[PDB]
Every structure is written in structure tokens, then in C-alpha cells.
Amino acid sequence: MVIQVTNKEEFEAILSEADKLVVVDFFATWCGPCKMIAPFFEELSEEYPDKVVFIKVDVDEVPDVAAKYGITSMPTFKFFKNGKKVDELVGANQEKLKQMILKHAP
């Protein structure tokens, strides 16, 4: 399951409270590659739930989060562990996304 997060307060609560790796898909409704990778992100979320929390944030609906985390193109995947950013992938390359999850959630 990919969790839809619709406000900064809940976003920050998830990041500061999670023990698992958190992977965030920052996307937009007008973004073409976002639509391509969305079903793949859903599959990953079903394959790796024990070790990873999967979140999606619509940058135009939660702009304060998009601004705070310095988003400049969509989709961008940010990876957090213990409240701190440990990696990021800009764009919708499926191979690199899966590998980055495997790297940070062995």
C-alpha cells in the first residue's frame, strides 16, 4: 500500500516516527512520467512492506512540503531513515528506484 499524505503535519510525523525506511513519491497530476511509474510504486509497496513505508505527496496539494524538500522535477523519490534523508532519485527510472529501495532496506 502507498499512503496518500495530504498535509505537512502528517508528513513530518511519519518521517520522525518511522523505524522503517520511508520512500516518498513527490508527484504532480500533470506529470506524464509520474503516471508511468505509479503502478510500479504500488507493486513495490506490496512486495516490501515489512521493511519500507511508501508515501505519495502531490506537490501542488502539499506545496509547503514540496518547497521544504527542494523539489524541482517530478517525479522525485526521497528516501528517509531515522528522520534523515539518505538518498533520492530524480525521475521515473524503474530500475534505479527498485535498486535504491534494495540498497537502503536490505
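Residue numbers run from 1 along the displayed sequence.
When the two stretches 27 to 35 and 41 to 49 are set side by side, the higher mean Cα temperature factor goes to 41 to 49. According to the PDB record, 75 to 83 carries the higher mean C-alpha B-factor of the two stretches 52 to 60 and 75 to 83. When the CA B factors of the chain's modelled residues are split into thirds, the value for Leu15 lands in the highest one. Ranked against the other modelled residues of its chain, the C-alpha B-factor of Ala105 as given in the entry falls in the highest third.
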